[PDB]
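Written out below as structure tokens is the structure these notes cover.
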Amino acid sequence: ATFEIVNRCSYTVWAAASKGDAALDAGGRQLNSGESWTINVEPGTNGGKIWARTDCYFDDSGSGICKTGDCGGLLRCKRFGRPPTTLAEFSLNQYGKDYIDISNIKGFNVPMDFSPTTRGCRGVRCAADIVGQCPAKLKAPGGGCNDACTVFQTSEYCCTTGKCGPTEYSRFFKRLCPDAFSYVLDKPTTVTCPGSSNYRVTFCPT
Numbered sequence: 001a002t003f004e005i006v007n008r009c010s011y012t013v014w015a016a017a018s019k020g021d022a023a024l025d026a027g028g029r030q031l032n033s034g035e036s037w038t039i040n041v042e043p044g045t046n047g048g049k050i051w052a053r054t055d056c057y058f059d060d061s062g063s064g065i066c067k068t069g070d071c072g073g074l075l076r077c078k079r080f081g082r083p084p085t086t087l088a089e090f091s092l093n094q095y096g097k098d099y100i101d102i103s104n105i106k107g108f109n110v111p112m113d114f115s116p117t118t119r120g121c122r123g124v125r126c127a128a129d130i131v132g133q134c135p136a137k138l139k140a141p142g143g144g145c146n147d148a149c150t151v152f153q154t155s156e157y158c159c160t161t162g163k164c165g166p167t168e169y170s171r172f173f174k175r176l177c178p179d180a181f182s183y184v185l186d187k188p189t190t191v192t193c194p195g196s197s198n199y200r201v202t203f204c205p206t
């Protein structure tokens, strides 16, 4: 499957793509404002994620640090990134269907649209000013708005027991972005697409 990753933000981002235990395609790349990066994701990929990283510095070897979404200091991510990260999530070719969603379960750093470029389903978007409106206790110094599990590490926020409800913090994310997951047991906003669809992820779509 083909994913076109487009940076419409006025600032540079370092896109990342991983399935948790391996990179997808090159795993990461700098995107200046307006740039597009096309990656190929193997059919059958389960649990892939794409995210943006902000305020990164990398040396020649591709090692460094980012203020949001850092994946162990690497430009080419092999593992998932440190919150806060708005997440585009996907599982492809699962019994004939693709499943896509946007998630704020690991916080929010950059607004995002995640849409198919082929026919048969709708896209999803979280483009509100979550960082500007972020509750004081969730604000991350490097930038972004953390989720409550990252900040407080309780069974309720992290849904450790498999039973948890919405919270004051999850409801904040849900009010600004209804079509994104706001906590682990949120009513799913996953979109079902035909298997082998292609997609575009746009940072700062508005």
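Just so you know, the deposited numbering puts 183 at position 183 of the sequence shown, and the rest follows in order with no gaps. Virtual Cβ for every residue (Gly too), placed ideally from N, Cα, C.
- Distance between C164 and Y157 (C-alpha atoms, nearest Å): 7 Å
- Should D179 and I130 be called a contact, given that it needs their Cβ atoms to be closer than 8 Å? no
- Message: I'd like to check one pair, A52 with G69: are the Cβ atoms closer than 8 Å?
- Response: yes
- May I have the straight-line CA-CA distance separating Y199 from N46, to the nearest angstrom? 15 Å
- Locate the beta strand (DSSP E) running through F108, then write down its first and last residues. Where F108 is concerned, there is no enclosing beta strand (DSSP E), given that its DSSP letter is neither H nor E.
- Task: Can you give me the start and stop residues for the alpha helix (DSSP H) that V151 sits inside?
- Result: 148-152
- Query: DSSP three-state call for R175: helix, strand or coil?
  - Reply: helix
- Can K97 be considered in contact with the ligand ATP, in the sense that its beta carbon sits closer than 7 Å to one or more heavy atoms? What this structure holds is no ligand at all, so the ligand ATP is not there to describe.
- Query: Which residues in the same chain as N32 place their Cβ atom closer than 6 Å to its Cβ, once the five residues preceding and following it in sequence are excluded?
  - Reply: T12
- Query: Using a Cβ-Cβ cut-off of 6 Å (strictly less than) and excluding sequence neighbours within five positions of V184, which residues of its own chain qualify?
  - Reply: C159
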